>>> print(open('my_file18.cif').read())   # mmCIF, C-alpha atoms
data_query
loop_
_atom_site.group_PDB
_atom_site.id
_atom_site.type_symbol
_atom_site.label_atom_id
_atom_site.label_comp_id
_atom_site.auth_asym_id
_atom_site.auth_seq_id
_atom_site.Cartn_x
_atom_site.Cartn_y
_atom_site.Cartn_z
ATOM 1 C CA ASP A 1 21.735 -17.292 145.771
ATOM 2 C CA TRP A 2 25.147 -17.351 147.423
ATOM 3 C CA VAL A 3 27.485 -15.018 145.501
ATOM 4 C CA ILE A 4 30.939 -16.435 144.884
ATOM 5 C CA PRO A 5 33.548 -14.122 146.433
ATOM 6 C CA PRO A 6 35.560 -12.083 143.884
ATOM 7 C CA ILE A 7 38.988 -13.383 143.044
ATOM 8 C CA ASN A 8 41.871 -10.933 143.282
ATOM 9 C CA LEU A 9 44.718 -11.330 140.792
ATOM 10 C CA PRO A 10 47.794 -9.221 140.708
ATOM 11 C CA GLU A 11 48.816 -7.731 137.387
ATOM 12 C CA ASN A 12 52.071 -8.648 135.687
ATOM 13 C CA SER A 13 51.937 -12.295 136.582
ATOM 14 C CA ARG A 14 54.906 -14.134 135.105
ATOM 15 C CA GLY A 15 52.756 -17.205 134.706
ATOM 16 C CA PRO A 16 53.725 -19.732 133.262
ATOM 17 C CA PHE A 17 50.582 -19.428 131.083
ATOM 18 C CA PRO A 18 47.895 -20.822 131.025
ATOM 19 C CA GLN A 19 47.866 -20.076 134.752
ATOM 20 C CA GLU A 20 45.388 -22.115 136.805
ATOM 21 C CA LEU A 21 43.416 -19.759 139.084
ATOM 22 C CA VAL A 22 40.568 -21.582 140.766
ATOM 23 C CA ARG A 23 38.337 -24.586 140.233
ATOM 24 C CA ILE A 24 34.728 -23.607 139.553
ATOM 25 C CA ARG A 25 32.561 -26.697 139.749
ATOM 26 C CA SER A 26 29.054 -27.850 140.589
ATOM 27 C CA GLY A 27 29.022 -30.429 143.349
ATOM 28 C CA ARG A 28 26.620 -32.466 141.214
ATOM 29 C CA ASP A 29 29.194 -33.114 138.446
ATOM 30 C CA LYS A 30 30.471 -36.031 140.543
ATOM 31 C CA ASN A 31 27.300 -38.015 139.933
ATOM 32 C CA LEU A 32 26.344 -36.397 136.635
ATOM 33 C CA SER A 33 28.603 -35.794 133.637
ATOM 34 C CA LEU A 34 28.814 -31.991 133.398
ATOM 35 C CA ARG A 35 30.432 -29.605 130.955
ATOM 36 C CA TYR A 36 31.777 -26.239 132.030
ATOM 37 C CA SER A 37 32.071 -23.049 130.012
ATOM 38 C CA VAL A 38 32.692 -19.357 130.824
ATOM 39 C CA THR A 39 31.206 -16.375 129.138
ATOM 40 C CA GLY A 40 31.648 -12.640 129.293
ATOM 41 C CA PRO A 41 34.260 -9.998 128.481
ATOM 42 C CA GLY A 42 37.658 -11.590 128.984
ATOM 43 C CA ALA A 43 36.229 -14.923 127.992
ATOM 44 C CA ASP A 44 34.027 -15.018 124.834
ATOM 45 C CA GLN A 45 33.557 -11.240 124.422
ATOM 46 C CA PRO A 46 36.227 -8.527 124.062
ATOM 47 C CA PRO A 47 38.764 -8.843 125.357
ATOM 48 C CA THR A 48 38.582 -12.412 124.205
ATOM 49 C CA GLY A 49 40.405 -15.443 125.620
ATOM 50 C CA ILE A 50 41.963 -13.927 128.713
ATOM 51 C CA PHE A 51 40.209 -16.587 130.864
ATOM 52 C CA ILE A 52 39.456 -20.176 129.854
ATOM 53 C CA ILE A 53 37.732 -22.937 131.773
ATOM 54 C CA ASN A 54 38.634 -26.572 131.286
ATOM 55 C CA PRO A 55 35.357 -28.250 130.186
ATOM 56 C CA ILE A 56 35.495 -31.267 132.533
ATOM 57 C CA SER A 57 37.410 -30.083 135.591
ATOM 58 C CA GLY A 58 35.979 -26.563 135.792
ATOM 59 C CA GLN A 59 39.538 -25.423 136.310
ATOM 60 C CA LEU A 60 39.616 -21.726 135.350
ATOM 61 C CA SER A 61 42.913 -20.265 134.061
ATOM 62 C CA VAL A 62 44.196 -16.867 132.913
ATOM 63 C CA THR A 63 46.091 -16.930 129.561
ATOM 64 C CA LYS A 64 48.486 -14.016 129.873
ATOM 65 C CA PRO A 65 49.485 -11.301 132.371
ATOM 66 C CA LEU A 66 46.988 -8.677 133.399
ATOM 67 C CA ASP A 67 47.296 -4.899 133.642
ATOM 68 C CA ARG A 68 45.173 -3.152 136.259
ATOM 69 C CA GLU A 69 45.752 0.144 134.501
ATOM 70 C CA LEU A 70 43.990 -1.294 131.364
ATOM 71 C CA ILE A 71 41.247 -3.515 132.734
ATOM 72 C CA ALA A 72 40.712 -3.518 136.507
ATOM 73 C CA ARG A 73 37.767 -5.894 136.789
ATOM 74 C CA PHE A 74 36.391 -8.837 134.826
ATOM 75 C CA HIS A 75 32.907 -10.243 135.243
ATOM 76 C CA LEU A 76 32.413 -13.728 133.751
ATOM 77 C CA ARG A 77 29.730 -16.357 134.260
ATOM 78 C CA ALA A 78 30.482 -20.083 134.444
ATOM 79 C CA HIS A 79 27.858 -22.518 133.110
ATOM 80 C CA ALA A 80 27.273 -26.231 133.622
ATOM 81 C CA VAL A 81 25.539 -28.337 131.077
ATOM 82 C CA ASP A 82 24.551 -32.002 130.757
ATOM 83 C CA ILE A 83 25.292 -34.568 128.000
ATOM 84 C CA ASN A 84 22.703 -32.917 125.739
ATOM 85 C CA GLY A 85 23.724 -29.328 126.422
ATOM 86 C CA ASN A 86 20.928 -28.548 128.898
ATOM 87 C CA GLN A 87 22.122 -26.127 131.604
ATOM 88 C CA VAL A 88 21.825 -28.053 134.876
ATOM 89 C CA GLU A 89 21.696 -24.894 136.969
ATOM 90 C CA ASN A 90 21.899 -21.127 136.835
ATOM 91 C CA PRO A 91 25.270 -19.678 135.833
ATOM 92 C CA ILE A 92 27.579 -18.460 138.591
ATOM 93 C CA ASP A 93 28.850 -14.905 138.278
ATOM 94 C CA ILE A 94 32.616 -14.548 138.706
ATOM 95 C CA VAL A 95 34.273 -11.274 139.578
ATOM 96 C CA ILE A 96 38.024 -10.909 139.077
ATOM 97 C CA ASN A 97 39.780 -7.817 140.332
ATOM 98 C CA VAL A 98 43.240 -7.065 138.953
ATOM 99 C CA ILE A 99 45.266 -5.749 141.914
ATOM 100 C CA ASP B 1 24.998 -26.624 143.502
ATOM 101 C CA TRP B 2 28.059 -24.519 142.745
ATOM 102 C CA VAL B 3 30.743 -25.265 145.361
ATOM 103 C CA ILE B 4 32.510 -22.199 146.700
ATOM 104 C CA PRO B 5 36.254 -22.505 146.029
ATOM 105 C CA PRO B 6 38.359 -23.243 149.147
ATOM 106 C CA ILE B 7 40.116 -20.305 150.703
ATOM 107 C CA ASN B 8 43.830 -20.671 151.377
ATOM 108 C CA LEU B 9 45.232 -18.931 154.454
ATOM 109 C CA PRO B 10 48.824 -18.933 155.460
ATOM 110 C CA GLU B 11 49.650 -19.840 159.036
ATOM 111 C CA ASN B 12 51.276 -17.381 161.411
ATOM 112 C CA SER B 13 49.331 -14.390 160.228
ATOM 113 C CA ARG B 14 50.265 -11.318 162.245
ATOM 114 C CA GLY B 15 46.740 -10.040 161.859
ATOM 115 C CA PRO B 16 45.719 -7.530 163.297
ATOM 116 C CA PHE B 17 42.878 -9.724 164.648
ATOM 117 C CA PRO B 18 39.961 -10.101 163.932
ATOM 118 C CA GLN B 19 41.279 -10.440 160.383
ATOM 119 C CA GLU B 20 38.684 -10.004 157.629
ATOM 120 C CA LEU B 21 39.025 -12.874 155.125
ATOM 121 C CA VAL B 22 36.168 -12.854 152.654
ATOM 122 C CA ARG B 23 32.583 -11.688 152.383
ATOM 123 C CA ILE B 24 30.127 -14.584 152.225
ATOM 124 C CA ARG B 25 26.723 -13.253 151.259
ATOM 125 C CA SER B 26 23.518 -14.221 149.491
ATOM 126 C CA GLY B 27 22.719 -11.905 146.617
ATOM 127 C CA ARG B 28 19.149 -11.754 147.926
ATOM 128 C CA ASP B 29 20.127 -9.984 151.185
ATOM 129 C CA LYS B 30 20.003 -6.704 149.247
ATOM 130 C CA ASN B 31 16.235 -6.911 148.898
ATOM 131 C CA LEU B 32 15.581 -9.037 151.974
ATOM 132 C CA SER B 33 16.959 -8.492 155.475
ATOM 133 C CA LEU B 34 19.215 -11.515 156.054
ATOM 134 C CA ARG B 35 21.233 -12.753 159.000
ATOM 135 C CA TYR B 36 24.458 -14.675 158.556
ATOM 136 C CA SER B 37 25.993 -17.286 160.828
ATOM 137 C CA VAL B 38 28.767 -19.906 160.485
ATOM 138 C CA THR B 39 28.865 -23.326 161.978
ATOM 139 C CA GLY B 40 31.360 -26.133 162.229
ATOM 140 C CA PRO B 41 34.708 -26.892 163.866
ATOM 141 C CA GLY B 42 36.609 -23.626 164.094
ATOM 142 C CA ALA B 43 33.357 -21.772 164.439
ATOM 143 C CA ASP B 44 30.789 -23.184 166.938
ATOM 144 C CA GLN B 45 32.451 -26.585 167.515
ATOM 145 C CA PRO B 46 35.996 -27.335 168.735
ATOM 146 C CA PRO B 47 38.135 -25.541 168.085
ATOM 147 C CA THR B 48 35.692 -22.802 168.875
ATOM 148 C CA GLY B 49 35.765 -19.172 167.722
ATOM 149 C CA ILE B 50 38.612 -19.297 165.238
ATOM 150 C CA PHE B 51 36.260 -17.933 162.519
ATOM 151 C CA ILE B 52 33.391 -15.489 163.028
ATOM 152 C CA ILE B 53 30.948 -14.045 160.534
ATOM 153 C CA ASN B 54 29.485 -10.587 160.943
ATOM 154 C CA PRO B 55 25.686 -11.144 161.065
ATOM 155 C CA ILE B 56 24.670 -8.405 158.597
ATOM 156 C CA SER B 57 27.602 -8.058 156.208
ATOM 157 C CA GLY B 58 28.513 -11.742 155.936
ATOM 158 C CA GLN B 59 32.087 -10.628 156.404
ATOM 159 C CA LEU B 60 33.999 -13.697 157.639
ATOM 160 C CA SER B 61 37.102 -13.135 159.812
ATOM 161 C CA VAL B 62 39.748 -15.292 161.503
ATOM 162 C CA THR B 63 40.376 -14.432 165.204
ATOM 163 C CA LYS B 64 43.985 -15.449 165.722
ATOM 164 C CA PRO B 65 46.921 -16.921 163.767
ATOM 165 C CA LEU B 66 46.691 -20.406 162.363
ATOM 166 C CA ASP B 67 49.128 -23.317 162.499
ATOM 167 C CA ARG B 68 49.088 -25.746 159.583
ATOM 168 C CA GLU B 69 50.972 -28.264 161.682
ATOM 169 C CA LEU B 70 47.997 -28.323 164.164
ATOM 170 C CA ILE B 71 44.922 -27.940 161.990
ATOM 171 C CA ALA B 72 45.430 -27.946 158.213
ATOM 172 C CA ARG B 73 41.840 -27.635 157.028
ATOM 173 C CA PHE B 74 38.609 -26.147 158.354
ATOM 174 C CA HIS B 75 35.174 -26.927 156.981
ATOM 175 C CA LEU B 76 32.449 -24.460 158.028
ATOM 176 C CA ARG B 77 28.978 -23.775 156.668
ATOM 177 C CA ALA B 78 27.511 -20.274 156.385
ATOM 178 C CA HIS B 79 23.740 -19.860 156.836
ATOM 179 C CA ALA B 80 21.309 -17.100 155.907
ATOM 180 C CA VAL B 81 18.126 -16.548 157.772
ATOM 181 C CA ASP B 82 15.199 -14.120 157.551
ATOM 182 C CA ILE B 83 13.653 -11.809 160.197
ATOM 183 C CA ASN B 84 11.988 -14.804 161.870
ATOM 184 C CA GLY B 85 14.987 -17.122 161.742
ATOM 185 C CA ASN B 86 13.837 -19.149 158.722
ATOM 186 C CA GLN B 87 16.814 -20.253 156.592
ATOM 187 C CA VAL B 88 16.300 -18.582 153.208
ATOM 188 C CA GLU B 89 18.499 -21.087 151.401
ATOM 189 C CA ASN B 90 20.754 -24.078 151.874
ATOM 190 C CA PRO B 91 23.979 -23.443 153.788
ATOM 191 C CA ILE B 92 27.166 -22.924 151.790
ATOM 192 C CA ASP B 93 30.097 -25.151 152.684
ATOM 193 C CA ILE B 94 33.370 -23.284 153.228
ATOM 194 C CA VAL B 95 36.739 -24.970 153.051
ATOM 195 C CA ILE B 96 39.775 -23.191 154.490
ATOM 196 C CA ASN B 97 43.214 -24.642 153.953
ATOM 197 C CA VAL B 98 46.022 -23.414 156.198
ATOM 198 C CA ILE B 99 49.092 -23.120 153.941
#
>>> encode(input="my_file18.cif", output="structure tokens")
Amino acid sequence: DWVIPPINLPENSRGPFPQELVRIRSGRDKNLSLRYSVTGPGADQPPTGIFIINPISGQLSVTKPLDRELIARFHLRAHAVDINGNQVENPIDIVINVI
Amino acid sequence: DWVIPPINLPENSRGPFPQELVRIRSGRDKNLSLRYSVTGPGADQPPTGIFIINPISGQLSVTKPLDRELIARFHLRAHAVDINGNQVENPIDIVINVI
């Protein structure tokens, strides 16, 4: 039940975009084909597509510049699934503060 | 089995020291008195005392400035234990890159 520390991203990033933020992976993907996805507002809920996660690497990226005066915090969950779509473990909550 | 992303700390930090880096806690400490400790080189093995973790908050700090040319990476493990010292969950590995 370790909580991943919140990421802090300054607003007005000049990118380039997509801008790689941090790798979010499950140690077990090395010896088990895993698929990563992210869910939540900023991902698959309004606002949509501000954060994407590369399915095999778990590399999470931001797609455009942020604005702390519009949205100051994002809360997403990353998920890891096997070859048949079964989640191999509980989703990890991800907190992103726009600074 | 989510791996916590590595922290990146620039060398020659002017502190002040101790310098609070990141909170490393177990979500369950909120409804269960937990005690945090860190182990590994840079913590309780040479070089000793470069990173400390506050026992109740899980707030991890660095005690002096780093030097990437001397030690470029630290690998510590945080631990969470109950009122009787039982570990309540597996230790989380922590990777700190000196940039």
>>> interface_residues(input="my_file18.cif", of="chain B", to="chain A", cutoff="9 Å", atoms="all atoms listed in the file", output="number ranges by chain")
B: 1-6, 22-28, 89, 91-92
>>> resolve_selection(input="my_file18.cif", expression="the PyMOL selection byres ((chain A and resi 60-76) around 12)", output="VMD selection string")
(chain A and resid 4 to 25 36 to 59 77 to 79 91 to 99) or (chain B and resid 5)
>>> atom_distance(input="my_file18.cif", atom1="CA of residue 30 in chain A", atom2="CA of residue 87 in chain B")
26.3 Å
>>> calpha_fit_and_write(input="my_file18.cif", fixed="chain B", moving="chain A", output="PDB file with C-alpha atoms, in the coordinates of the input")
ATOM      1  CA  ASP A   1      24.998 -26.624 143.502  1.00  0.00           C
ATOM      2  CA  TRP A   2      28.059 -24.519 142.745  1.00  0.00           C
ATOM      3  CA  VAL A   3      30.743 -25.266 145.361  1.00  0.00           C
ATOM      4  CA  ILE A   4      32.510 -22.199 146.700  1.00  0.00           C
ATOM      5  CA  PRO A   5      36.253 -22.505 146.029  1.00  0.00           C
ATOM      6  CA  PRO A   6      38.359 -23.243 149.147  1.00  0.00           C
ATOM      7  CA  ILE A   7      40.117 -20.305 150.703  1.00  0.00           C
ATOM      8  CA  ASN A   8      43.830 -20.671 151.377  1.00  0.00           C
ATOM      9  CA  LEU A   9      45.232 -18.931 154.454  1.00  0.00           C
ATOM     10  CA  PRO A  10      48.825 -18.933 155.460  1.00  0.00           C
ATOM     11  CA  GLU A  11      49.650 -19.839 159.036  1.00  0.00           C
ATOM     12  CA  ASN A  12      51.276 -17.381 161.411  1.00  0.00           C
ATOM     13  CA  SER A  13      49.332 -14.390 160.229  1.00  0.00           C
ATOM     14  CA  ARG A  14      50.266 -11.318 162.245  1.00  0.00           C
ATOM     15  CA  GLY A  15      46.740 -10.040 161.860  1.00  0.00           C
ATOM     16  CA  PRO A  16      45.719  -7.529 163.296  1.00  0.00           C
ATOM     17  CA  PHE A  17      42.878  -9.724 164.648  1.00  0.00           C
ATOM     18  CA  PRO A  18      39.961 -10.101 163.932  1.00  0.00           C
ATOM     19  CA  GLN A  19      41.280 -10.439 160.383  1.00  0.00           C
ATOM     20  CA  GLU A  20      38.684 -10.003 157.629  1.00  0.00           C
ATOM     21  CA  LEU A  21      39.025 -12.875 155.124  1.00  0.00           C
ATOM     22  CA  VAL A  22      36.168 -12.854 152.654  1.00  0.00           C
ATOM     23  CA  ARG A  23      32.583 -11.688 152.383  1.00  0.00           C
ATOM     24  CA  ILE A  24      30.126 -14.583 152.225  1.00  0.00           C
ATOM     25  CA  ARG A  25      26.723 -13.253 151.259  1.00  0.00           C
ATOM     26  CA  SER A  26      23.518 -14.221 149.491  1.00  0.00           C
ATOM     27  CA  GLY A  27      22.718 -11.905 146.616  1.00  0.00           C
ATOM     28  CA  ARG A  28      19.149 -11.754 147.926  1.00  0.00           C
ATOM     29  CA  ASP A  29      20.126  -9.984 151.185  1.00  0.00           C
ATOM     30  CA  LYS A  30      20.003  -6.703 149.247  1.00  0.00           C
ATOM     31  CA  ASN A  31      16.234  -6.911 148.898  1.00  0.00           C
ATOM     32  CA  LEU A  32      15.581  -9.038 151.974  1.00  0.00           C
ATOM     33  CA  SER A  33      16.959  -8.491 155.475  1.00  0.00           C
ATOM     34  CA  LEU A  34      19.214 -11.515 156.054  1.00  0.00           C
ATOM     35  CA  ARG A  35      21.232 -12.753 159.000  1.00  0.00           C
ATOM     36  CA  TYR A  36      24.458 -14.674 158.557  1.00  0.00           C
ATOM     37  CA  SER A  37      25.992 -17.287 160.827  1.00  0.00           C
ATOM     38  CA  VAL A  38      28.767 -19.906 160.485  1.00  0.00           C
ATOM     39  CA  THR A  39      28.864 -23.327 161.979  1.00  0.00           C
ATOM     40  CA  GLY A  40      31.360 -26.134 162.230  1.00  0.00           C
ATOM     41  CA  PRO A  41      34.708 -26.892 163.865  1.00  0.00           C
ATOM     42  CA  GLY A  42      36.609 -23.626 164.095  1.00  0.00           C
ATOM     43  CA  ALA A  43      33.356 -21.772 164.440  1.00  0.00           C
ATOM     44  CA  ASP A  44      30.789 -23.184 166.939  1.00  0.00           C
ATOM     45  CA  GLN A  45      32.450 -26.586 167.515  1.00  0.00           C
ATOM     46  CA  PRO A  46      35.996 -27.335 168.734  1.00  0.00           C
ATOM     47  CA  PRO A  47      38.135 -25.542 168.086  1.00  0.00           C
ATOM     48  CA  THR A  48      35.692 -22.802 168.875  1.00  0.00           C
ATOM     49  CA  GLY A  49      35.765 -19.172 167.722  1.00  0.00           C
ATOM     50  CA  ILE A  50      38.612 -19.296 165.238  1.00  0.00           C
ATOM     51  CA  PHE A  51      36.260 -17.933 162.519  1.00  0.00           C
ATOM     52  CA  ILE A  52      33.391 -15.489 163.028  1.00  0.00           C
ATOM     53  CA  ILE A  53      30.948 -14.044 160.534  1.00  0.00           C
ATOM     54  CA  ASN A  54      29.485 -10.587 160.943  1.00  0.00           C
ATOM     55  CA  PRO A  55      25.686 -11.144 161.065  1.00  0.00           C
ATOM     56  CA  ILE A  56      24.670  -8.405 158.597  1.00  0.00           C
ATOM     57  CA  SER A  57      27.602  -8.057 156.209  1.00  0.00           C
ATOM     58  CA  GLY A  58      28.513 -11.742 155.936  1.00  0.00           C
ATOM     59  CA  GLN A  59      32.087 -10.628 156.404  1.00  0.00           C
ATOM     60  CA  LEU A  60      33.999 -13.696 157.639  1.00  0.00           C
ATOM     61  CA  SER A  61      37.102 -13.135 159.812  1.00  0.00           C
ATOM     62  CA  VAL A  62      39.748 -15.292 161.503  1.00  0.00           C
ATOM     63  CA  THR A  63      40.376 -14.432 165.204  1.00  0.00           C
ATOM     64  CA  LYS A  64      43.985 -15.449 165.722  1.00  0.00           C
ATOM     65  CA  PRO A  65      46.922 -16.920 163.768  1.00  0.00           C
ATOM     66  CA  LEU A  66      46.691 -20.406 162.363  1.00  0.00           C
ATOM     67  CA  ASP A  67      49.128 -23.317 162.499  1.00  0.00           C
ATOM     68  CA  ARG A  68      49.089 -25.747 159.583  1.00  0.00           C
ATOM     69  CA  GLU A  69      50.972 -28.265 161.681  1.00  0.00           C
ATOM     70  CA  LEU A  70      47.998 -28.323 164.164  1.00  0.00           C
ATOM     71  CA  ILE A  71      44.922 -27.941 161.990  1.00  0.00           C
ATOM     72  CA  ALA A  72      45.431 -27.946 158.213  1.00  0.00           C
ATOM     73  CA  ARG A  73      41.840 -27.635 157.028  1.00  0.00           C
ATOM     74  CA  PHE A  74      38.609 -26.148 158.354  1.00  0.00           C
ATOM     75  CA  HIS A  75      35.175 -26.927 156.981  1.00  0.00           C
ATOM     76  CA  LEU A  76      32.449 -24.460 158.028  1.00  0.00           C
ATOM     77  CA  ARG A  77      28.978 -23.775 156.668  1.00  0.00           C
ATOM     78  CA  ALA A  78      27.511 -20.275 156.386  1.00  0.00           C
ATOM     79  CA  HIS A  79      23.740 -19.860 156.836  1.00  0.00           C
ATOM     80  CA  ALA A  80      21.309 -17.100 155.907  1.00  0.00           C
ATOM     81  CA  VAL A  81      18.126 -16.548 157.772  1.00  0.00           C
ATOM     82  CA  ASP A  82      15.199 -14.120 157.551  1.00  0.00           C
ATOM     83  CA  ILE A  83      13.652 -11.808 160.197  1.00  0.00           C
ATOM     84  CA  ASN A  84      11.987 -14.803 161.870  1.00  0.00           C
ATOM     85  CA  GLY A  85      14.987 -17.122 161.743  1.00  0.00           C
ATOM     86  CA  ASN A  86      13.837 -19.149 158.721  1.00  0.00           C
ATOM     87  CA  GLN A  87      16.813 -20.252 156.592  1.00  0.00           C
ATOM     88  CA  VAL A  88      16.300 -18.582 153.208  1.00  0.00           C
ATOM     89  CA  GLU A  89      18.499 -21.087 151.401  1.00  0.00           C
ATOM     90  CA  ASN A  90      20.754 -24.078 151.874  1.00  0.00           C
ATOM     91  CA  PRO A  91      23.979 -23.443 153.788  1.00  0.00           C
ATOM     92  CA  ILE A  92      27.166 -22.924 151.790  1.00  0.00           C
ATOM     93  CA  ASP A  93      30.097 -25.152 152.683  1.00  0.00           C
ATOM     94  CA  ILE A  94      33.370 -23.285 153.228  1.00  0.00           C
ATOM     95  CA  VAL A  95      36.739 -24.971 153.051  1.00  0.00           C
ATOM     96  CA  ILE A  96      39.775 -23.191 154.490  1.00  0.00           C
ATOM     97  CA  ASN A  97      43.214 -24.642 153.953  1.00  0.00           C
ATOM     98  CA  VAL A  98      46.023 -23.413 156.198  1.00  0.00           C
ATOM     99  CA  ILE A  99      49.093 -23.119 153.942  1.00  0.00           C
TER     100      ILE A  99
END
>>> build_atoms(input="my_file18.cif", residues="range 1-25 of chain B", atoms="N, CA and C atoms", output="PDB file, in the frame of the given file")
ATOM      1  N   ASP B   1      24.048 -25.762 142.787  1.00  0.00           N
ATOM      2  CA  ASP B   1      24.998 -26.624 143.502  1.00  0.00           C
ATOM      3  C   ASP B   1      26.442 -26.260 143.237  1.00  0.00           C
ATOM      4  N   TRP B   2      26.698 -24.992 142.962  1.00  0.00           N
ATOM      5  CA  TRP B   2      28.059 -24.519 142.745  1.00  0.00           C
ATOM      6  C   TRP B   2      28.779 -24.597 144.090  1.00  0.00           C
ATOM      7  N   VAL B   3      29.975 -25.174 144.116  1.00  0.00           N
ATOM      8  CA  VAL B   3      30.743 -25.265 145.361  1.00  0.00           C
ATOM      9  C   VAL B   3      31.654 -24.049 145.420  1.00  0.00           C
ATOM     10  N   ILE B   4      31.676 -23.379 146.565  1.00  0.00           N
ATOM     11  CA  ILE B   4      32.510 -22.199 146.700  1.00  0.00           C
ATOM     12  C   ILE B   4      33.933 -22.723 146.742  1.00  0.00           C
ATOM     13  N   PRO B   5      34.859 -22.061 146.027  1.00  0.00           N
ATOM     14  CA  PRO B   5      36.254 -22.505 146.029  1.00  0.00           C
ATOM     15  C   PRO B   5      36.820 -22.341 147.428  1.00  0.00           C
ATOM     16  N   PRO B   6      37.712 -23.256 147.829  1.00  0.00           N
ATOM     17  CA  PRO B   6      38.359 -23.243 149.147  1.00  0.00           C
ATOM     18  C   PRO B   6      39.207 -22.007 149.267  1.00  0.00           C
ATOM     19  N   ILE B   7      39.303 -21.471 150.478  1.00  0.00           N
ATOM     20  CA  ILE B   7      40.116 -20.305 150.703  1.00  0.00           C
ATOM     21  C   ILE B   7      41.446 -20.904 151.138  1.00  0.00           C
ATOM     22  N   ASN B   8      42.532 -20.177 150.951  1.00  0.00           N
ATOM     23  CA  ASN B   8      43.830 -20.671 151.377  1.00  0.00           C
ATOM     24  C   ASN B   8      44.397 -19.584 152.266  1.00  0.00           C
ATOM     25  N   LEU B   9      44.696 -19.915 153.522  1.00  0.00           N
ATOM     26  CA  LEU B   9      45.232 -18.931 154.454  1.00  0.00           C
ATOM     27  C   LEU B   9      46.562 -19.368 155.001  1.00  0.00           C
ATOM     28  N   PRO B  10      47.563 -18.486 154.923  1.00  0.00           N
ATOM     29  CA  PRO B  10      48.824 -18.933 155.460  1.00  0.00           C
ATOM     30  C   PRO B  10      48.751 -18.856 156.976  1.00  0.00           C
ATOM     31  N   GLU B  11      49.512 -19.745 157.593  1.00  0.00           N
ATOM     32  CA  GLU B  11      49.650 -19.840 159.036  1.00  0.00           C
ATOM     33  C   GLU B  11      50.397 -18.610 159.511  1.00  0.00           C
ATOM     34  N   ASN B  12      50.542 -18.480 160.820  1.00  0.00           N
ATOM     35  CA  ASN B  12      51.276 -17.381 161.411  1.00  0.00           C
ATOM     36  C   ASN B  12      50.956 -15.984 160.945  1.00  0.00           C
ATOM     37  N   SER B  13      49.703 -15.734 160.621  1.00  0.00           N
ATOM     38  CA  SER B  13      49.331 -14.390 160.228  1.00  0.00           C
ATOM     39  C   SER B  13      49.523 -13.488 161.434  1.00  0.00           C
ATOM     40  N   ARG B  14      50.055 -12.298 161.186  1.00  0.00           N
ATOM     41  CA  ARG B  14      50.265 -11.318 162.245  1.00  0.00           C
ATOM     42  C   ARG B  14      49.023 -10.464 162.437  1.00  0.00           C
ATOM     43  N   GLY B  15      47.952 -10.819 161.749  1.00  0.00           N
ATOM     44  CA  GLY B  15      46.740 -10.040 161.859  1.00  0.00           C
ATOM     45  C   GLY B  15      46.987  -8.621 161.357  1.00  0.00           C
ATOM     46  N   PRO B  16      46.504  -7.564 162.056  1.00  0.00           N
ATOM     47  CA  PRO B  16      45.719  -7.530 163.297  1.00  0.00           C
ATOM     48  C   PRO B  16      44.509  -8.454 163.310  1.00  0.00           C
ATOM     49  N   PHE B  17      44.032  -8.826 164.502  1.00  0.00           N
ATOM     50  CA  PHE B  17      42.878  -9.724 164.648  1.00  0.00           C
ATOM     51  C   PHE B  17      41.748  -9.060 165.421  1.00  0.00           C
ATOM     52  N   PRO B  18      40.485  -9.278 165.034  1.00  0.00           N
ATOM     53  CA  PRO B  18      39.961 -10.101 163.932  1.00  0.00           C
ATOM     54  C   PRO B  18      40.512  -9.700 162.578  1.00  0.00           C
ATOM     55  N   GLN B  19      40.762 -10.690 161.725  1.00  0.00           N
ATOM     56  CA  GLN B  19      41.279 -10.440 160.383  1.00  0.00           C
ATOM     57  C   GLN B  19      40.257 -10.862 159.341  1.00  0.00           C
ATOM     58  N   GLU B  20      39.681  -9.864 158.681  1.00  0.00           N
ATOM     59  CA  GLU B  20      38.684 -10.004 157.629  1.00  0.00           C
ATOM     60  C   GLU B  20      39.272 -10.852 156.500  1.00  0.00           C
ATOM     61  N   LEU B  21      38.581 -11.933 156.154  1.00  0.00           N
ATOM     62  CA  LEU B  21      39.025 -12.874 155.125  1.00  0.00           C
ATOM     63  C   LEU B  21      38.296 -12.688 153.817  1.00  0.00           C
ATOM     64  N   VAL B  22      36.999 -12.952 153.844  1.00  0.00           N
ATOM     65  CA  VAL B  22      36.168 -12.854 152.654  1.00  0.00           C
ATOM     66  C   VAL B  22      34.690 -12.666 152.999  1.00  0.00           C
ATOM     67  N   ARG B  23      33.992 -11.907 152.164  1.00  0.00           N
ATOM     68  CA  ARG B  23      32.583 -11.688 152.383  1.00  0.00           C
ATOM     69  C   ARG B  23      31.821 -12.876 151.828  1.00  0.00           C
ATOM     70  N   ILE B  24      30.936 -13.449 152.637  1.00  0.00           N
ATOM     71  CA  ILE B  24      30.127 -14.584 152.225  1.00  0.00           C
ATOM     72  C   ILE B  24      28.672 -14.157 152.329  1.00  0.00           C
ATOM     73  N   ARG B  25      28.103 -13.702 151.228  1.00  0.00           N
ATOM     74  CA  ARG B  25      26.723 -13.253 151.259  1.00  0.00           C
ATOM     75  C   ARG B  25      25.818 -13.891 150.212  1.00  0.00           C
TER      76      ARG B  25
END
